[PDB]
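Coordinate inspection notes
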Amino acid sequence: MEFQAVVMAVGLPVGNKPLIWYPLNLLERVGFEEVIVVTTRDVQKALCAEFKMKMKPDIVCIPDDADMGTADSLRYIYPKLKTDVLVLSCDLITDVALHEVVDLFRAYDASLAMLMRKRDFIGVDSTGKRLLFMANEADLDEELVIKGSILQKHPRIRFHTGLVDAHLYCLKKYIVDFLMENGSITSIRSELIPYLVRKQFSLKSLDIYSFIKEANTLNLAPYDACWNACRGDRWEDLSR
Amino acid sequence: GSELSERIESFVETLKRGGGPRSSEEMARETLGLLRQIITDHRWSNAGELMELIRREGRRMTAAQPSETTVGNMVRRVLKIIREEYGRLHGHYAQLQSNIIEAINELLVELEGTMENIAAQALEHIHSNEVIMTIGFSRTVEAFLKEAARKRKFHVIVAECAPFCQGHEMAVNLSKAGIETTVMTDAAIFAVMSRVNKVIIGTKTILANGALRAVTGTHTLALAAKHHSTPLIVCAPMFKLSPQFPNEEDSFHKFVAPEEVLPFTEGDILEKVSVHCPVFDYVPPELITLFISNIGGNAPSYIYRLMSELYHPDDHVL
Amino acid sequence: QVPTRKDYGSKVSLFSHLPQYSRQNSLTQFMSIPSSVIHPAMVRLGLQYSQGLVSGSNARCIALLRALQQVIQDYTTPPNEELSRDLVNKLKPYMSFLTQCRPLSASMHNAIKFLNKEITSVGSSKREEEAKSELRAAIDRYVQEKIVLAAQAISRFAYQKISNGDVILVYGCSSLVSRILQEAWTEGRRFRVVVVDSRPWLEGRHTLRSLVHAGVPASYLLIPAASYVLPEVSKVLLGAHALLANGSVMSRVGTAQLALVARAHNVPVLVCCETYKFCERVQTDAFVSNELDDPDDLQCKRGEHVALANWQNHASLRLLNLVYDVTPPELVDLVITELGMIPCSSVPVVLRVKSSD
Amino acid sequence: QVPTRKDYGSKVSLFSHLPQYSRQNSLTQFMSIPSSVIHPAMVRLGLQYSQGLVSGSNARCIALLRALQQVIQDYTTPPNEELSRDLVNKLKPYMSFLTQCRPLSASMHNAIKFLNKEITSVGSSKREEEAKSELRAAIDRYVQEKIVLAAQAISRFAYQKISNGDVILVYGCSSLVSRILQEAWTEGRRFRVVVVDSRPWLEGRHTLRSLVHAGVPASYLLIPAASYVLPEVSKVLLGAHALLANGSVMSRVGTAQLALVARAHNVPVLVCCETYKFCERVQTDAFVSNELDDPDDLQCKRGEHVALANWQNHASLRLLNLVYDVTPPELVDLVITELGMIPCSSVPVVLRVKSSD
Amino acid sequence: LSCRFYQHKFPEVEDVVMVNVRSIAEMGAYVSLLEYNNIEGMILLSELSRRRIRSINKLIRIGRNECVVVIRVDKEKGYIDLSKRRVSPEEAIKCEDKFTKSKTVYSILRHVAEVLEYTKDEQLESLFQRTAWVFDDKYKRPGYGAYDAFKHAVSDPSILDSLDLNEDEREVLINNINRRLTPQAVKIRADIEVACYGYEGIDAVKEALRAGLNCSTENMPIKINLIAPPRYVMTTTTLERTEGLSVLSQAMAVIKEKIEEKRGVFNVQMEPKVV
Amino acid sequence: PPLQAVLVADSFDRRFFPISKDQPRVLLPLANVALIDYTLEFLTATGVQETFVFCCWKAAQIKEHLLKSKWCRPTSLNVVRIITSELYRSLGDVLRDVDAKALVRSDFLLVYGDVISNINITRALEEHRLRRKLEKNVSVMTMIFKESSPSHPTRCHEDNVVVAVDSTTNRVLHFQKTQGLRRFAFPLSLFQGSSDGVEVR
Ligand SMILES: O=C(COc1ccc(Cl)cc1)N[C@H]1CC[C@H](NC(=O)COc2ccc(Cl)cc2)CC1
């Protein structure tokens, strides 16, 4: 088997339907006979009994701890993963067919492949597929820095600022091997993105790729994107 | 005086910088207009003085652009017109000038109807369900094909040019008339030559031995046509016919900037490389089967007689 | 099930039987993300084949054999079934998917035939992992000799042919010709190479890079300028992709044309082909078995006058780019294989000494 | 007035622009019995043209000039009209009816051009019968010199070329070739002639008769055995029907084929053409300007198995017999005219000295 | 609906006429005489040029208008022999101007007959004979006389009152003449940079502007406008632009003299050109 | 409107020493032709009508070099204006003398005296004219660059230029050089001022 889909649960089904059902429908529509879903324990450690009341083909639900992040949940399922990891989340309303990000992961032999959609400045190569830089404006002392090697090997870098993270990743086995070997990472979205983006600026190296969709967008944990969840699900879940 | 000299200098600079104008027929018409504007606003007593003046101006006109031989052989045709008029009036100031003016007038009437005569005689060289091969872009072969497609149904393979794709506009102009145009690259010529029935092309300059310089890649096409024994057709007018021999004078090919072949964004390897781009190519007369002009069809073993009907051997050095 | 790819654009009437796909659409739009009916290594090979990332024939064969090693390493045996029949029955959908992704080169066909001959001769008394390790070692030894030992022998046989001060002409991108030129430049020969390239791949720039990083004086010209440079050229070196039964040279499209112009300029051409890239199937033209790439690759940015942009709106407009063509055997003089310098007329004879005969 | 003949059978798609009639039907089913729109001599000429009674080009031109003499003798002048263009306007329906009866040979086209140039240059001060007698005498003198004086000069130029004891190869039916062979046999040369023939006309037997009535030893062979006899043949003497501007030889269909086999056997060919059978019109194949004979002429009686009887019932069956074809100018060496032995490359040149220039 | 251009149905000998080539034969080129109700003529093959001509189609250009001189005419036989060899370029330009004026008069009378709805060709020919051919016979000039009378009637309509065609036909002809041949409108614009960097700079600039405006002739006011601080635009909207450009040049020279008299520069940014 | 141009024929950087101590750097021959003639031929191939040559150091030598050239002839379509003064020593001083003399009118070209080019910039001139016509004289300068590789031997490390511009309306937001800089810093206000597109070149 090529991929083992993991759905993350960090601080949930508040809407016109279950918020965990749409990633489960997106997985079970195309392939994915083996689905691993972690449970939430920071807000309340009782979402596993609500998640086990669905009607999917095969769900693997595990209990988790309260004080934990994304990298702790990656390191928690390390002895039960044997192949490439394809990370999901609860608040992920994606009308885009995710076959193309798997095509970007497979065709270029990439180590990481992510999907963004229209705070974070993302500088991508001029072809529009391979990312070269990404940074938030919070944890940066200066405005930005750019090395000379990434401008020598890639002389034009197109930057985007109105992007959101759909939390659709594709990880390689040695990346989570390094994550298990380096336990200082807590948030995988701020660690596996930035450290690999810095390590790609080394020949023999790793490749990180991203697709910029223009069809829909994901949701958020707060109530800022909760009003667009029902209006987005009333017109897109009819074909699903 | 002033107007003549500034028009001559603008003509020389326009031939020096780029292709001004686009079509060769308008260039020949403006060359006739420049020559008639020169001869109506000058003074001469003998015809040899006018001969030396036109020779001195034509030396500058060929030194401006040596690849554009249309102005050179047009100046040579005007010089032979001067020689024939002095010969027929010797055996002469206003009557001779009026005779030269009306000869240039009827030459312009002849020059305006070259393409319509070629399109009129296009019907006796194209049959139905035919495979046509054309390299480059010229309005003569385009009018040839678009008049032959008015009553016949056939197929044209328009091959593009590898330095700059000039065959794409010809392909999208022929496909608007519905001749089932097939577009391909330059590397497939022999790879299509086993199915090409007849090759119909144009040229830039008809040389004196029947040879021709033309757009690059057509010497390979003529070699493949000789290998596959398909007949070759040259739709060329009578002002692209020049007495300049191939190996006699230098600066045969026109070399242009190599940015169309290898771009400037290639890298550090552009210093240790030598990129050439010859836009013209030389085709020997043995690979040519038939020339088609407004007066009809001619063999490549007949072009010398056209020289004897249009040029003097004393004017070959200009 | 694996569906059929839709034929893109309007095909040529002479090429109605050959498929013409496009790179903007993929076959995996209706395929599972955990690849079950196709192997994940096989679908990765098909994805890197269809997008044009692996274009060389030796590189395609090497990546194909690596994907087959990944298939054999991830292979299991069903109950009451043998390996020597189930592996043959299971590899044929993989090769059909590979052919649907891109029309296969002849090196891939000979690799498929050699792998079928190897997995046919596996005895029933052998174990599973022992036969799998035997097949992996056989694939490793096969690719080892018939890539690098053949390349070293062909470069040694070409080193004693290239003299000092001559001009060599190359065409296209191939690892064997660039390795020959690099070993000849490093072993003592002083020469300059004329690089001839064609549209729309522009792959020769690739081998031009291996002619600059090695320190060789190089000249980069095109197909229409090949008739201009060939009066000065003394030798034409060619990279062969396939050699048919009659002595034909199946390679990149600007080869038999280049060989005809080189014969017309009295320049003897030199093709280099490993023995595993030979063919028992023979064709006499570029029209009965050929690859058709994208019809949208022919357009270029010449100012703001892209004429072939909306080419599908014109009903009487056909677009075509041939990948392969064959050469008449009276045009090519040398064939440099690891057994030596042969003519074209003995390229089936070598097959007779390489098909266990 | 004069309708068009219906095209018989299913035409070739490569010959769809050229008409294909049949000899079983005629246009005079829809014409008047006292022929008023067409002359009686002209409709007699068209009837003997369409049935195949006059097949030789010189015989066709002689009969055409006799019909034009009969037209001029029975010509009247209308009031307030000149002869110089009313004769042109009356001759054009006659020539159009002649073209509808049979596609005209090039000798007929040159005779039409010469007669139009003659009846254009008649003065207005001349009378009716005086201009008619002048035109009749001009036609008589023209056909006299440019048939028999040209034939005598061509036979005299061929007599000094044919040696004693050689073998001559001829093809087709023409009065000039038979006259050359008869004068060479009677003037002292001893030789034997191989008459090569082809289907379905079988007209060369006619020339074979003039080779037996003259006492010449002859050998009657066909075109597939022409490759067999040409190792023994030293000279090939052909009869040209039309010479184009580029030096091509438009003749019967077994001419360019026969010249190619003769060049492949090191046998130089010899065509014999008068000056009035030349062409300013040029063509490179037998497809843009050719005559199509009857499609039911190819069937024969080989026992009781005539396979091409009900050929029209088969929808995917095409029948074709070409009459004329052209030769490449690099295959033919001689052109024996009354001005001498020239190459093909100077056949427009003599046109320049025969078009009043 | 058509007619001839003049009162004669056939041209005289050595009269240069404007024809268009319709077909090519061996005897010559069949043409149509555009100013004689499209009667068929023939340009001879011997008269197409003064040089040896290989083909008739090399200088014919079927579809092109050309001036040819009449060599032989026969009203009984209907034969009209034409020649391109005899005509001169000056005679060709004269025939082109005469054919242009006669075609303008033909279009004016055709518009007048279309306004009068005279569908019959005989009534239209009577309008021709009552309007243009009477003036052509009075002034003894075919084409020039009718166009000159119409150009005089566009200014002074007393010449059109002598025609006794009808009460409405004369008014329709006068309206068609004033709408077709009376386009007297031109605008000779020019730019001049007149300034003075001295004591009374603006005063000398206003004095030079007043001196330039005072030199404006009648029915041709030279309007000056401040297009820029150092540049000015001197326009002139009047007919007879060959005189209007000279008047603008004289006004610019007077303004330059008035600027140089008061110690000020006066450059010509643009010469007198029509808008 | 006519097309004016100014030509700084005196490069005020002390780089060609001691080559420029005898004849200036605009009079050196590339291939038997001085760079002044190359730049003037590029200007006439562009289509300018009048130029303004500015030269301070050894200006008499530049004047006697270019008076015997093709461009000082009366038959030349592009006239020149030789302006000689030893007071200015900077390009800004040249442009403020242009403003004090009021020579140019609208959309004039700016070129050094040692620029080798063959670009026809009528497309860029029409783009600058339409950008001035729509936005009411907001666009002031249209810089011109050539697509090149950073590893090319043309651009050296002393004159390498990195910019940050817009993608859809190509307005420049940042512009700097790499004169001894291994790490480049770009400002943050360029993203807040333009949230539609930004590209580092
Ligand atoms: O369709 C095409 C298009 O040609 C090409 C288009 C593009 C390319 Cl890359 C290559 C070829 N050509 C046709 C032209 C008629 C021919 N012949 C026939 O249809 C009939 O065959 C005959 C039959 C009788 C005779 Cl005598 C001759 C040919 C087949 C091929």
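What the deposited record gives as its method is cryo-EM, and the resolution it gives is 3.21 Å.

Observations concerning the overall build of chain A
A tally of helices and strands in chain A yields nine helices and eleven strands. Relative to the compact-globule value of 18 Å for 240 residues, chain A shows a C-alpha radius of gyration of 18 Å, a close match. Seen along its three principal axes, the alpha-carbon backbone of chain A occupies a region of about 55 × 40 × 35 Å.

Things to note about the overall build of chain F
Counting its regular elements, chain F contains five helices and eight strands. Shown N-terminal to C-terminal, the secondary structure of chain F runs as helices and strands in the order β-α-β-α-β-α-β-α-β-β-β-α-β. Its C-alpha atoms put chain F at 55 × 40 × 30 Å along the principal axes. For chain F, long-range pairs separated by at least 24 residues make up 66% of all intrachain contacts whose partners lie at least 6 apart in sequence.

Comments concerning the pattern of salt bridges
One salt bridge in this structure joins A:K173 and A:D177, with 2.8 Å as the shortest N-O distance. With A:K173 and A:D177 both in helix α6 (residues 173-181) and four residues apart, this pair spans about one turn of that helix. The closest approach of N and O atoms between C:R209 and B:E266, which form a salt bridge, is 2.8 Å. Here the residue C:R209 occupies a position in helix α7 (residues 204-212), and B:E266 occupies one in the loop between β7 (232-235) and β8 (273-275), the pair thus bridging two chains.

Focus on the sheet that holds strand β3 (residues 82-84) of chain F
Residues and elements named next belong to chain F. Judged by pairing direction, the sheet is parallel, and its four strands sit side by side in the order β3-β2-β1-β4 without closing on themselves. The strands lining the two open edges of the sheet, one partner per strand, are β3 and β4 (109-112). In this sheet, adjacent strand axes meet at a mean angle of 20 degrees when their direction is disregarded. Where strand β1 (residues 4-8) and β4 come together, four bridges link them in parallel fashion. Note on β4: the bridge partner recorded for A5 is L109. Across the face of the sheet, helix α3 (residues 91-101) comes into contact with β1, β2 (50-55), β3 and β4 while running at roughly 145 degrees to β1.

Concerning the arrangement of the chains
Where the eight pairs of chains in contact are concerned, the greatest contact count is recorded for chains B and C. At no point do chain A and chain D touch; the closest pair of C-alpha atoms across them sits 49 Å apart. Separated in space, chain C and chain E share no contact, their closest pair of C-alpha atoms being 31 Å apart.

So, the packing of aromatic side chains
Centroid distance B:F255 to C:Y228: 5.5 Å. Interplanar angle 65 degrees. Geometry classified as edge-to-face. With B:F255 in the loop between β7 and β8 and C:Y228 in helix α8 (residues 226-229), this pair bridges two chains. Both rings, one in C:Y142 and one in C:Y276, keep their centres 6.3 Å apart while their planes meet at 90 degrees; by these two values the pair is edge-to-face. Of this pair, C:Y142 sits in helix α5 (residues 128-159) while C:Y276 sits in the loop between β7 (269-272) and β8 (317-319), placing them 134 residues apart in sequence. Three or more aromatic residues link up through ring pairs in this structure, and these residues are A:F121, A:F133, A:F159 and F:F191.

Some points on the interface of chain B and chain C
Facing 49 residues of chain B, the contacting portion of chain C comprises 47 residues. It is helix α10 (residues 218-227) of chain B that provides the largest number of residues to the side of chain B that touches chain C, a total of five residues. Alignment of strand β3 (residues 181-184) of chain B against β8(C), held across three bridges, turns out to be parallel. Bridge pairing in β8(C) places B:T181 opposite C:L317.

What about the interface of chain B and chain D?
At the junction of the two partners, chain B supplies 21 residues and chain D supplies 18 residues. If you list the elements that add at least two residues to the side of chain B that touches chain D, you get β10 (290-293) and α11 (303-310) of chain B. Of the residues belonging to the side of chain B that touches chain D, the class tally is eight nonpolar, seven polar and six charged.

Here we look at the environment of B:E25
Residue and element names in this part refer to chain B. Looking at the secondary structure, you find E25 in helix α2 (residues 24-40). A sequence separation of eleven residues divides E25 from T14, and the C-alpha atoms of the two residues are 16 Å apart. When residues no more than four places from it in sequence are discounted, the contact partners of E25 are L111, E112, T114 and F239.

A short note on the sheet that holds strand β9 (residues 334-337) of chain D
All names here are of chain D. Judged by pairing direction, the sheet is mixed, and its seven strands sit side by side in the order β3-β2-β1-β4-β7-β9-β10 without closing on themselves. Strand pairing shows two members of the sheet lacking a second neighbour, β3 (218-222) and β10 (340-342), which therefore form its edges. Neighbouring strand axes in the sheet, compared pairwise and without regard to direction, differ in orientation by 25 degrees on average. Bridge analysis of strand β7 (residues 269-272) against β9 gives three bridges, and the strand direction is parallel.

Let's talk about the packing of helix α1 (residues 2-17) of chain B against helix α3 (residues 47-64) of chain B
Think of two packed helices as two axes; the pair is described by the angle between the axes and how far apart they sit. Residues and elements named next belong to chain B. Contact pair α1 / α3: the axes reach a minimum separation of 8 Å and the direction vectors enclose 30 degrees. On the basis of the axis angle, α1 is roughly parallel to α3. Of α3, the residues touching α1 (which contributes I8, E9, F11, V12, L15 and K16) are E57, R60, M61 and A64. Tallied by class, the residues present in the contact of α1 with α3 amount to six nonpolar, no polar and four charged.

A short note on the packing of helix α4 (residues 99-107) of chain A against helix α1 (residues 40-50) of chain C
The geometry of α4(A) relative to α1(C) is characterised by a closest axis approach of 9 Å and an angle of 90 degrees between their N-to-C directions. In terms of their interaxial angle, α4(A) and α1(C) are classed as roughly perpendicular. Contacts from A:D103, A:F105, A:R106 and A:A107 in α4(A) reach C:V43, C:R44, C:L47 and C:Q48 in α1(C). Here the contact of α4(A) with α1(C) is built from residues that sort into four nonpolar, one polar and three charged.

Notes on unusual backbone geometry
The step from C:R199 to C:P200 runs through a cis peptide bond, and the omega angle for that step is 0 degrees. Cis geometry marks the peptide bond from F:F17 to F:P18; its omega dihedral reads -5 degrees. At A:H167, a position not held by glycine, the phi torsion is positive, near 60 degrees.

A look at the pairing of β7(C)
In this sheet, β7(C) lies alongside strand β4 (residues 235-239) of chain C in parallel orientation, the contact comprising four bridges. In the strand pairing of β7(C), C:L238 is matched with C:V271.

Some details on the environment of D:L208
All names here are of chain D. If you trace the backbone, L208 turns up in helix α7 (residues 204-212). Here the alpha-carbon distance between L208 and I62, two residues 146 residues apart in the chain, equals 22 Å. In this structure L208 touches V195, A218 and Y220, once residues within four positions along its chain are discounted.

Reading the values: rules and limits
Residues numbered from 1 in each chain as written, not as in the entry; some residues may be left out. Chains lettered and ligands numbered in written order. Part of a larger assembly, values for the part shown. Heavy atoms only, no water. Residues with missing side-chain atoms left out of burial classes, pairs and counts. Helix = DSSP H or I, 4+ residues; strand = E, 2+ residues; numbered from the N terminus. Rg over C-alpha atoms; globule rule 2.2 N^0.38 Å. Contact = heavy atoms within 4.5 Å. Salt bridge = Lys/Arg side-chain N within 4 Å of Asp/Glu carboxyl O. Pairing = 2+ DSSP bridges. Axes fitted to C-alpha atoms, helices over the stretch in contact; angles between N-to-C directions. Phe/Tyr/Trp six-rings, centres within 6.5 Å; stacked < 30°, edge-to-face > 60°. Nonpolar A, V, L, I, M, F, W, Y, C, P; charged D, E, K, R; others polar. Parallel < 35°, antiparallel > 145°, perpendicular 65-115°, else oblique.

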